[PDB]
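S.K.: Below: the sequence, then the experimentally determined structure.
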There are 2 protein chains.
Amino acid sequence: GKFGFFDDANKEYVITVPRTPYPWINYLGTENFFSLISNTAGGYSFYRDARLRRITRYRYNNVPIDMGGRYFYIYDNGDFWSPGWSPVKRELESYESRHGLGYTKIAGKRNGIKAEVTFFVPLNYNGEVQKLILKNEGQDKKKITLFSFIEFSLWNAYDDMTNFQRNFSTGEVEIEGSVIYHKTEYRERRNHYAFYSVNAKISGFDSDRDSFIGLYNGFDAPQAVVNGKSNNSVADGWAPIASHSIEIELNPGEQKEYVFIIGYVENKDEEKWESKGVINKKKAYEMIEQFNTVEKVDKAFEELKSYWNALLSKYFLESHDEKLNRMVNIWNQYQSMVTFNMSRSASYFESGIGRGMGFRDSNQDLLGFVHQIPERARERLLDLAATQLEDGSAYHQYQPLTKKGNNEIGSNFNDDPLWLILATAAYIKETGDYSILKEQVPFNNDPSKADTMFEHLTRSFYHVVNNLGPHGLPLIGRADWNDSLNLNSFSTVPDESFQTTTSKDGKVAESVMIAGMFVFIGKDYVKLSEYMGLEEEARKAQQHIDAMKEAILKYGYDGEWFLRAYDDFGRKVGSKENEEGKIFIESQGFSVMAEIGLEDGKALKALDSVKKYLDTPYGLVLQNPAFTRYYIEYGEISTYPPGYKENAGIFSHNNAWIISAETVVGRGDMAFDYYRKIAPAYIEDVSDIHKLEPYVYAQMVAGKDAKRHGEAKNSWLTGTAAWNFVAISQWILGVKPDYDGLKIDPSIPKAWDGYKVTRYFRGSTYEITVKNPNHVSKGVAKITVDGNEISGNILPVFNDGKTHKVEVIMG
Amino acid sequence: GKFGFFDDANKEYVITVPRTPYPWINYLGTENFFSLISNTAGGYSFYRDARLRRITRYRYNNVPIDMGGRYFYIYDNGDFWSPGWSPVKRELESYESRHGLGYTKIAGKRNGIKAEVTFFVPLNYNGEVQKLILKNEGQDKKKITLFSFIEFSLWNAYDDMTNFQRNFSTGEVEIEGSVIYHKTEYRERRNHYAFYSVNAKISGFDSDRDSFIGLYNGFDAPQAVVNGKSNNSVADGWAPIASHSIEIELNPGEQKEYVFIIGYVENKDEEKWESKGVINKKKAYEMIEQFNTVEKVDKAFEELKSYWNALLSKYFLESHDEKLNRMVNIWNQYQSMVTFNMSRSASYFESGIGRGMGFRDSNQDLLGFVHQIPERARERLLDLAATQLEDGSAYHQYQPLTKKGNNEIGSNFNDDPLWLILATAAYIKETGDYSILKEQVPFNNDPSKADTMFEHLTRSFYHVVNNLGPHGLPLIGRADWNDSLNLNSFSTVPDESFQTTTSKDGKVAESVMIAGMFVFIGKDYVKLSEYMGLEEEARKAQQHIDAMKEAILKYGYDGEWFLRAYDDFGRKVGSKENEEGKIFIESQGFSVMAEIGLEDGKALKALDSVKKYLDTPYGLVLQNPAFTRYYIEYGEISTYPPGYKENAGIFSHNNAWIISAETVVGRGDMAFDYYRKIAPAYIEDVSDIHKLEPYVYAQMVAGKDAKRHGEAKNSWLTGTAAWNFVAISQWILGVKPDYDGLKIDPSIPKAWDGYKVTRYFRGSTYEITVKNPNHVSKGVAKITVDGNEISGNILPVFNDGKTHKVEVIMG
């Protein structure tokens, strides 16, 4: 299972065969304009909103897969082909694809003609730039034609795919020079348009899909390309497209360069028209002139490379393992930044039709990208807090575009408020900026009810205290971290919602997972309360935390592992008494992270049980045994076939918490063994089984009860990456931000001799060399800073813009 | 422009080339199981609900068009083809398709092998039956393989096309004998499943799409078919399919027969499982045994033919024009019945994702199908009335599946309540059953507030009286008959609803069209009040009607035609003073139908203006001149490019009202000339311009301002078929149901010598021969019944199950 390899010097993944197990994609764009592009150049673009500003059309779950994108056709004396091998799918002499940081390259050769295309979105630019090089590597003079093709969307994906009865009559275009402008509904309430341009004189164009392709033809053989000539069609309803055609003559060894741009323009309502029925193209002219030569494109490309390099430079590892180096230094951080930029909107599994991301999802992503973009993290934290309700609860879905909560989805997921405390504590530990606590933040997006951010944290903390169950454990509500564990739903209707349609009062079912999370984040809440000078409130919160710990030890432990929950009948969930689902993974990680059972051997016993019952070669499953029938009292978890999704699937996100707990109990070999089973670089040798991108994490991998055990689903958009990076970089390697500074506390395999981490922290750089002469897993024998031994394991803060050498000797 | 011809003896349309200008479709099923099938066998099936019980997957607006259906592959020694020519699209020796009444036939031949398939849904059967005949017309022995293929839907089209993140892990099947059962989510909350069976022993099967087709292959060349062998794949998530493979051996001249069934089964929650994880198949066994021989299939086919013949037999014309005979006798009535069965749910332009049909559309379809199914019409009328609100208004969208109104869509369309009166009057005139007036009908689906159906009519009538505008004309509200004329919207934001998001109070803008409709239906309301004995309440309603007629004559007439409306500024709409939209079509038809301006030349002048400004060779446009820019004060009508949809498009529905109005002024030549311009059979010779089905009406044809002038959109599901049939059958030909009996009053071209109509009416048959010896257009000189001359133009009611001869002499 290889269809490629890693190129670490260029920070790329190189795909060497076009028929990957699944189309492997990449993301372009940082601020507003975004593109999804596959290894055959399939995908689509949008402007800040995949649902309401889609620029090009893409068909999900299509036959054949991934049909539709930025398609270049080389036509040579009757023959024709594509650089990406698709859609034509004629055999190429050579094919290569490269997925880099914010850009993609595709190269293809046939009959002595080579075509190389680079796709990327430049910084501060509302478009996608495609640099195309055609080269004659044959011995004879050639006369060819180049066709470009994209397919427009009508700005609203849902309407675009459902409301044909109106929108087959709305499509409009303009053609001027070498630019095709898509302007559907620009005559009416819309004030934006799209354009496709090339920086050379064209020999023909096409804008009607039925003219360029043909009604009964597909993308693999458009009639205009088959004939070797454009039809110069002007769209009038139906499906607008954009296609240029240029006739080229290449001598042997001669090459030619072209720049294609897919751009988006917004005009002011008073500057919409150049004349009656003619759109104002001034901004399009400026955009097209920005990149009308190859030198300008190359300068922008180098600027993007420098931008991504600066983003990835604050944590740099040097170890003996090149897979670990590649994961930590490039791809984990890249995925974290991409998730921040994109939310949960669009992938090849997310259709881009949703309205927002999870509140806890944003809070957890912050934990991953906080060290790369601290100020944007501060702004995101404030925006998230502003949507909280006055009672301390939060809307399940956050809308980053409007920075609002989803009123129609509701706010009864009882783990959500604690993630805000966790993210705020992480941000403060990263930056040391306590001032964020004193900011005035509205409640429910209402400035009249605004209070301090610390008050938001207090209300989140006391939301749990005010909703305890009969055993003193938090009430689970609709669901907790596991969105499919619905203990108050009791649904019997196929179309009914499992999460936001409840038939129970919700006063009995309890979550042990929320209890562990509460004990874990209470430490940070108490520490922050002491900073604000509120000592009595800190003492009271500590009392509540102690009560919760006692409740967990009295009603949350089963004998060899921690229970999962209590259902609406007051019966145990995740117990050896149950026939199925005897042990769950979620209740173990957070319980051990909170340091419950460290001295009496309960945490170690629970982790041993986790290894015994949940471990597979591809990671740890959610629960064991799997559910073989529907349990109306458990909700959506039992509606999947065994081994899939939350019915005993493998989730890297909750595997990372078991990794952290394993470090907590001081077993670094086990932590790293768990890490390698799910880390993308370590499973690249079995790509055919994994079937999805070998350079990013996926949400779920089929568990041992499934027939496709080892196959992944829902890649590229998931909170797994953030806490996986946290677990590797802070809990295993031991470079942990802390309130007073940088704490060193590795939990590593005994056989390692050492490693080096360069960390940018609070205005300075720390070059930390770890040594393991006695080959232990945990414990620091000595720390030296600038040649002087220090006391403790907290590094001093300098904030002087210089590099300080740190020597850590373990033992 | 022919790609086929009419076969009137078999009541079929025969398509002789597979590449029609657009895929031409047909509908199968009468009661609960429904199928859309194209001329290449594309389409899909569902059970009563295209949105929530879709059985097979179909992709709208796909490239290439219409890919996905019931696909049979003939594999012959390496070659392979399809009888429908699609999806393989290899050249056939012969191809034919036939669209009949409730069934479709497709025949194709290649390399001496002929395959013909008949698709239909039998009566009282929850499935689609496909009878396949293979024949060796060659000279040598042949050994071939037959593949059958369908692609399943996951029961919920919207979820099926948006929610891949969950539903790529839910697909499940069972395979037993020659049957593939699709049972996705049957394990949790669904009590229904689907199956695909063949009545012979199979040599192989496939149920995983990626195994049968291949990830990078399309429907045109599935890998299993290319290899000539099934893979026996069992679906596990992703895309479940159903495919059979049978190895056949045919001698020269020998034929073989097969029956394939796509069936739907619903089980009781207690009889769901045969054993643990095994679905109960008893009902599937009974269904499959019902049609396991060709004799049973043929018997069911003849029963369906008899059913449709009985449906079409109540109105039979015999004239000199075979196009008119074919339209009146077969296709108009067929379309009316299909619209009753299907509502507005699914076509090749309606994606099947909506949740109901229009209230006015439901009432207007009844005027077309009332003479075919009187008792079902009575039930439908009662169901529609039950959803009416207490103030007399109605929900804009009706839900026939639940017989409810759409609460979220609103009720401020001020023309809706009058259509209920119109439909009730039509039903009573058809049947003479006044008892419906005294039924107890709930208000807003609330039995506590129920009253008589006549009370519902009264509240509908007085909803207009209580919402008059400054000129004494009805307030238009959100919209009227024309849903795109929004005079209270003033929308500036995209994605915003034009019809249900108002910014003005709605106390100024008036509709002249609603005024004409009110005057037109007031006659029926007064007649019904007189029948109910409420003589005082009929005098007051007559006073209101007279006041409205005076208001129309004082503020609704522009000088040579009737005005259209007044906007929120109190300014005229549809006036010669306006720059664009000087005259509209809607305000003329209903005004003349109400008989306003008959004795002073106003109606004739308005009709002459309609002829002068709105007439094109393809029908009459909505308004002239077209709007060339957005008018915020007019709403959605201005958002289309000129000549398309409501911006000066051609709508047959409002052309029919002009036809009736032309009959009212006694100009039968003009009425028939308008009728022929839009009647399907008369435009079959220009099928390449029309581009859509030549046997059914379409909603809209591009107007003279459009570049595609003459091209149709949104065919096969409409309201135009009903009133077009009414206009031809009652207003031109003059066989009009009346309160006291059947009224004869033709308005025909002067050159016609006569014709004959056999009408089934109120329990008897009338064989009416019309003669025109003096060649007039209107006026009845004599009527003779059973050889005896009668007085007046109302035929006596017999209700005796016999045939009575009627002789009408015009003059």
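M.R.: Received it, and whenever you're ready, just let me know what you need. Residues are numbered from 1 along each chain as shown, chains lettered A, B, ... in the order given.

S.K.: how about stretch A:675-692: buried residues?
M.R.: By 16 or more other C-beta atoms under 10 Å in any protein chain shown, the buried positions in stretch A:675-692 come out as A:675, A:677-684, A:687, A:689-692. Just so you know, the C-beta spots here come from the backbone N, C-alpha and C atoms, and that holds for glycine as well.

S.K.: Tell me which of those fall in helices.
M.R.: The helices, defined by DSSP state H, take in A:675, A:677-678, A:687, A:689-690 from the buried residues of stretch A:675-692.

S.K.: so which two of the buried residues of stretch A:675-692 are the farthest from each other?
M.R.: A:675 and A:691 (21.2 Å; C-beta to C-beta).

S.K.: out of the buried residues of stretch A:675-692, which one sits closest to residue A:514?
M.R.: residue A:678 (24.7 Å).

S.K.: residues in contact with that closest one?
M.R.: A:618-619, A:650, A:652, A:655, A:697, A:701, A:724 (C-beta atoms under 8 Å, 6 or more residues apart in numbering or on different chains).

S.K.: go on, residue A:490?
M.R.: Counting by C-beta under 8 Å, 6+ apart, residue A:490 makes contact with A:503-504, A:568, A:632-633.

S.K.: Am I right that it falls within a helix?
M.R.: No. Counting by DSSP: H, G, I helix; E, B strand; the rest coil, residue A:490 falls outside a helix, being coil.

S.K.: Tell me how far it lies from residue A:630.
M.R.: Using C-beta to C-beta, to the nearest Å, residue A:490 is found at 11 Å from residue A:630.

S.K.: Check residue A:338 too.
M.R.: Counting by C-beta to C-beta, the gap from residue A:338 to residue A:630 is 37 Å.

S.K.: And residue A:597, how close does it get to residue B:535?
M.R.: As for residue A:597, its distance to residue B:535 is 90 Å (criterion: C-beta to C-beta).

S.K.: Now the closest residue to chain B within the stretch 451-600 of chain A: which helix or strand?
M.R.: Chain B sits closest to residue A:494 of the stretch 451-600 of chain A, with a gap of 4.4 Å, by C-beta to the nearest C-beta. Using DSSP states H and E, residue A:494 sits in no helix or strand.

S.K.: Count the neighbours of it for me.
M.R.: Other residues near residue A:494 come to 16 when the count uses other C-beta atoms under 10 Å in any protein chain shown.

S.K.: Next: residue A:305.
M.R.: When counting by other C-beta under 10 Å, one arrives at 17 neighbours for residue A:305.

S.K.: hmm, back to that, double-check the residue of the stretch 451-600 of chain A closest to chain B against residue B:190; I have them as touching.
M.R.: Yes. Counting by C-beta atoms under 8 Å, residue A:494 does reach residue B:190; the two are 4.7 Å apart.

S.K.: What is the neighbour count of the closest residue to residue A:220 other than its chain neighbours?
M.R.: Using C-beta to C-beta, 6 or more residues apart in numbering or on different chains and skipping the chain neighbours, the partner closest in space to residue A:220 is residue A:87 (4.8 Å). Other residues near residue A:87 number 24, with proximity taken as other C-beta under 10 Å.

S.K.: And the helices in the stretch 51-200 of chain A?
M.R.: Here the stretch 51-200 of chain A has its helices, by DSSP state H, counting those that start in this stretch, at A:157-162, A:164-167.

S.K.: Dump the first one to CSV, keeping only the CA atoms.
M.R.: Taking Å, rounded to 0.1, in the frame of the first residue of the first chain, the C-alpha atoms of helix A:157-162 are listed here in CSV:
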residue,chain,number,x,y,z
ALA,A,157,-25.7,24.8,-3.1
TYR,A,158,-29.0,23.6,-1.7
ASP,A,159,-31.0,25.7,-4.1
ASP,A,160,-28.5,24.7,-6.9
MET,A,161,-29.2,21.0,-6.3
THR,A,162,-33.0,21.2,-5.6
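
S.K.: returning to that earlier point: need the ones in helices among the buried residues of stretch A:675-692 in CSV (columns: distance to residue B:592).
M.R.: Converted to CSV, those look like this (distance: C-beta to C-beta, whole Å):
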residue, distance to residue B:592
A:675, 82
A:677, 81
A:678, 76
A:687, 74
A:689, 75
A:690, 72
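
S.K.: still on that earlier bit, columns distance to residue A:300 and mean neighbour count on top of the helices of the stretch 51-200 of chain A, output as CSV?
M.R.: CSV is the format used below for these (distance: least, C-beta to C-beta, whole Å; neighbours: other C-beta atoms under 10 Å in any protein chain shown):
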stretch, distance to residue A:300, mean neighbour count
helix A:157-162, 29, 20
helix A:164-167, 35, 20
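
S.K.: Distance to residue B:239 added to these, as a markdown table?
M.R.: Below are the helices of the stretch 51-200 of chain A laid out as a markdown table (distance: least, C-beta to C-beta, whole Å):
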| stretch | distance to residue B:239 |
| --- | --- |
| helix A:157-162 | 18 |
| helix A:164-167 | 24 |
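
S.K.: how about the residues of the stretch 551-700 of chain A near chain B?
M.R.: A:628-630, A:638-641, A:644-645, A:699-700 (C-beta under 8 Å from any C-beta of the partner chain).

S.K.: farthest pair in the residues you listed?
M.R.: Most distant of those, by C-beta to C-beta, are A:629 and A:699, 24.7 Å apart.

S.K.: what's next to stretch A:655-673, contact-wise?
M.R.: Outside of stretch A:655-673, the residues within contact range by C-beta under 8 Å, 6+ apart are A:585-586, A:588-593, A:595, A:598, A:603-604, A:607, A:610-611, A:619-620, A:674-675, A:677-678, A:720, A:723-724, A:726-728, A:731-732, A:746-750, A:777-778.

S.K.: Kindly report the same for stretch A:262-278.
M.R.: For stretch A:262-278, the surrounding residues in contact (C-beta under 8 Å, 6+ apart) are A:33, A:45, A:47, A:53, A:55-56, A:70, A:126-128, A:130, A:150, A:174, A:186-187, A:191-197, A:279-281, A:283-284, A:287-288, B:628-629.

S.K.: beta partners of residue A:28?
M.R.: Beta bridges link residue A:28 to residue A:35, judged by DSSP bridges.

S.K.: That one reaches residue A:38, doesn't it?
M.R.: No. Using C-beta under 8 Å, residue A:28 is not in contact with residue A:38; the gap is 11.8 Å.

S.K.: Tell me which of the two has more neighbours.
M.R.: Each of residue A:28 and residue A:38 has its neighbours counted (other C-beta under 10 Å); residue A:38 has more, 26 against 22.

S.K.: for the more buried one, what are its contacts?
M.R.: Residue A:38 is in contact with A:23-26, A:66, A:69, A:348, counting by C-beta under 8 Å, 6+ apart.

S.K.: re the thing from before, neighbour-wise, which of residue A:597 and residue B:535 wins?
M.R.: residue A:597 (22 against 9).

S.K.: For that one, give me its contacts.
M.R.: By C-beta under 8 Å, 6+ apart, the contact list for residue A:597 reads A:553, A:557, A:591, A:603-606.

S.K.: Which of those ranks first by neighbour count?
M.R.: Tallying neighbours with other C-beta under 10 Å puts residue A:591 at the head of those, with 30 neighbours.

S.K.: Could I get the phi/psi values of the closest residue to that one other than its chain neighbours?
M.R.: With C-beta to C-beta, 6+ apart as the criterion, residue A:591 has its nearest non-adjacent residue at 4.2 Å, and that residue is residue A:516. Dihedral angles phi and psi of residue A:516 (degrees, to the nearest 10) take the values phi -60, psi -40.
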